[PDB]
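Take a look at the structure set out below.
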Amino acid sequence: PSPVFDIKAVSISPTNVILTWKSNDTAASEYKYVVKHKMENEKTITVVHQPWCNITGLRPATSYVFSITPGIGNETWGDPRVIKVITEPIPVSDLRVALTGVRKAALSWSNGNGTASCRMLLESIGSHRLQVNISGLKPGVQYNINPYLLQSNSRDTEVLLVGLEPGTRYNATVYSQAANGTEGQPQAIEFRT
Ligand SMILES: [Pt+2]
């Protein structure tokens, strides 16, 4: 009847996540547990002998609520423990780059429904060098920044990177962020001037 604990949700996709937990607290290890979904309009009640569950068929940018309750026999139920789980936005799609003239590189992508903002990470590759972290992109807007300046201190995204130095190879690594403050999986692209 002892509550669950060290609860953790391994995110495999923006559509399914694996909840894995522990219980013990005396009585060795031989119990049964019940999980509850609240994805509204329908209430789902999953019961698993093992201390882990596969929750599938979820929405990317939305957060669901789950409750885990350990049981032993029948009415022999224990206590409820509740977790709030946010899933990943769909990663940025149509990731593209188009360099215009040796010191300038334009890179375009299409965000997706769930995304509210993007986080780009720009790095040079090979130099006796930068690694800037362009936080807070927006969908549908057009940006244009010299990233080397920042070192010293429809629904698409249009970002031109100027002031680039020839002969050096760059990576752009773009992550999709949601209003709930949770990053999706990254999408990278390379270009060299
Ligand atoms: Pt469900």
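To match Swiss-Prot, the residue numbers of chain A are left as they are there, and the shown ones run 119-246, 254-278, 325-364.
Determined via X-ray crystallography, 3.3 Å.
Quick reminder: no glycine exception, Cβ is built from N, Cα and C everywhere.
What Swiss-Prot records for 121-209 is domain 'Fibronectin type-III 1', and it gives sequence analysis as the kind of evidence. Here Swiss-Prot flags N142, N172, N192, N231, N258, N278, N342, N351 as N-linked glycosylation site.
Known features from Swiss-Prot, placed on the structure.
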| residue | record | contacts (Cβ under 8 Å, 6+ apart) |
| --- | --- | --- |
| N142 | N-linked glycosylation site | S120 |
| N172 | N-linked glycosylation site | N134, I136 |
| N192 | N-linked glycosylation site | none |
| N231 | N-linked glycosylation site | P178, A179, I208 |
| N258 | N-linked glycosylation site | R237, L239 |
| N278 | N-linked glycosylation site | none |
| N342 | N-linked glycosylation site | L240, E241, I243, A359, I360, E361 |
| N351 | N-linked glycosylation site | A179, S181, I204 |
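Here 7 residues go unmodelled in the deposited structure, bounded by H246 on one side and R254 on the other; the Cα atoms of these bounding residues are 8 Å apart. In this structure, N231 (N-linked glycosylation site) belongs to neither helix nor strand by DSSP; it is coil. Under DSSP, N351 (N-linked glycosylation site) is assigned to coil, being neither helix nor strand in the three-state scheme. Think of the gap as 46 residues with no coordinates, bounded by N278 and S325; the Cα atoms of those bounding residues are 34 Å apart. Secondary structure of the domain 'Fibronectin type-III 1' (121-209), assigned with DSSP and counted as helix (H, G, I), strand (E, B) and coil, comes to 0 helix, 44 strand, 45 coil.
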